């Protein structure tokens, strides 16, 4: 019934956060990547994250050691054969995700197991259709920084098994201590679908010279009590990431207000991607 054996495929920012929160909650976690370079970069992310948490008095030294003791890193996909829940968080590319789900579906043989994707941009039904048992597949969508933000979106396809969804929801709630939000398999789900068009409209105001970057952000923090204004927040999301979600939402829904504005296109093309490149709507030193 209950989930004690978790697998994670991918060890970027999101994959590393998902593995960290699962190990800190006391679950056995196996992290898979195809190459030794990617394993070591993933392990180093988790080690550094946990070292910061210790320096700030949020986790003890023994907690940190216990978490690391529950993490197993491997480049053999067969080490995932005994998992009850596997979460995929790799590059946002349809063909790479389909190949990984075909191979997970063969290797992970427990009929009660769940195969979940963290994707923001590929429809869940498309990765489910890569498997021989599509009823085991769903969306489980997390938010950076995964160890802090207490939310997941749980996305059922047309064929997701009801009992698979209930097991996953109970895991996210009872083990990870997160709030669970349900929705249908539609581009952007709930959170991104409200957030991205709002950020785009702010970018359009700036582009049309209707208000400055500083005044838009000021107006939102003071008037709406958000922690951060939309241009600052676009910079944190990443302008390339914002452009990709916007492109997928336009493709699905065809309404022009979902499409990326010209200023955003010009900034992505110049390499002005926000905080991660050193500049977007603001400069980062």
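Residue numbers count along the first chain shown, from 1.
If you take the mean CA temperature factor per stretch, which one wins between 89 to 97 and 187 to 195? Per the PDB entry, the higher value belongs to 89 to 97.
As stated in the PDB record, which stretch has the larger average Cα B-factor, 33 to 41 or 50 to 58? The entry gives the higher C-alpha B-factor average to 50 to 58.
Whose C-alpha has the highest temperature factor in the PDB entry: 160, 117, 84, 173? The C-alpha B-factor peaks, among 160, 117, 84, 173, at 173.
Residue 69 - Cα temperature factor, lowest/middle/highest third of chain: It falls in the middle third of the chain.
Ranked by Cα temperature factor within the chain, is residue 132 in the lowest third, the middle third or the highest third? Ranked within chain, residue 132 CA B lands in the highest tercile.
Could you say whether, by C-alpha temperature factor, residue 147 belongs to the lowest, middle or highest third of its chain? Within its chain, residue 147 is a highest-third residue by C-alpha B-factor, going by the deposited values.
Would you please rank residue 122 by its C-alpha temperature factor against the other modelled residues of its chain and give the third it falls in: lowest, middle or highest? Tercile = highest for this residue's CA B-factor.
Taking the C-alpha B-factors as the PDB entry records them, is residue 106 in the lowest, middle or highest third of its chain? Middle third, going by the recorded CA B-factors of the chain.
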